[PDB]
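Below is one structure, written out as structure tokens; the observations come after it.
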Amino acid sequence: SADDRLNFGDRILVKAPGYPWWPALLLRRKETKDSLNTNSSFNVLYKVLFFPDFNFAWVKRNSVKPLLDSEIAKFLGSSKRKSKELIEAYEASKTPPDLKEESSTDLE
């Protein structure tokens with residue numbers, strides 16, 4: 001119950017394979033283990049959505065950091081080191097509604 005700032009529909013950063021930290025959005029916390037022994041090795045990750053390209057990734061919290069609104073707005077406002085692919089990325093995640101308000105619960 002401490003330092004808890006990573007929930008569903010929460011904009012978080014994640015290191016992409018080969019590329020630096022990319023702006024993603026946490027969807028759900030999926031946990032997987034060996035089978036049903038819970039005494040060997042656990043493999044928990046965070047299902048996040050990537051932008052602008054509507055994609056996703058599954059990695060541990062270690063490769064994921066908490067992202068805020070000011071931080072995102074700042075990253076984009078960086079008038080020192082910015083890339084078209086990088087800016088568009090943060091610009092895509094800058095709009096929470098894109099993913100936020102995703103209600104469903106069961107299917108018809």
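Chain labels run A, B, ... following the order of the structure tokens; each chain numbers its residues from 1, and ligands are numbered from 1 in the order shown.
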If we count only C-alpha atoms, what is near residue A:53 at a cut-off of 12 Å, once residues fewer than 2 positions away on the same chain are taken out, given as JSON, numbers by chain?
-> {"A": [22, 23, 24, 49, 50, 51, 55, 56, 85, 86, 88, 89, 90, 91, 92, 93, 98]}
Near residue A:8, counting only C-alpha atoms, which residues have an atom at most 7 Å away, once you skip same-chain residues fewer than 4 positions from it, shown as a list in words?
-> residues 26, 27 and 28 of chain A
By how many Å are atom CA of residue A:84 and atom CA of residue A:96 apart?
->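 These atoms are spaced 20.3 Å apart.
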Which one is closest to residue A:11: A:70, A:37, A:104, A:83? Count only C-alpha atoms.
->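 The answer is A:70, which sits nearest to residue A:11.
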Residue A:6 surroundings by only C-alpha atoms, 9 Å radius, close-in-sequence under 4 positions cut, as a VMD selection string | chain A and resid 10 to 12 26 65 to 67
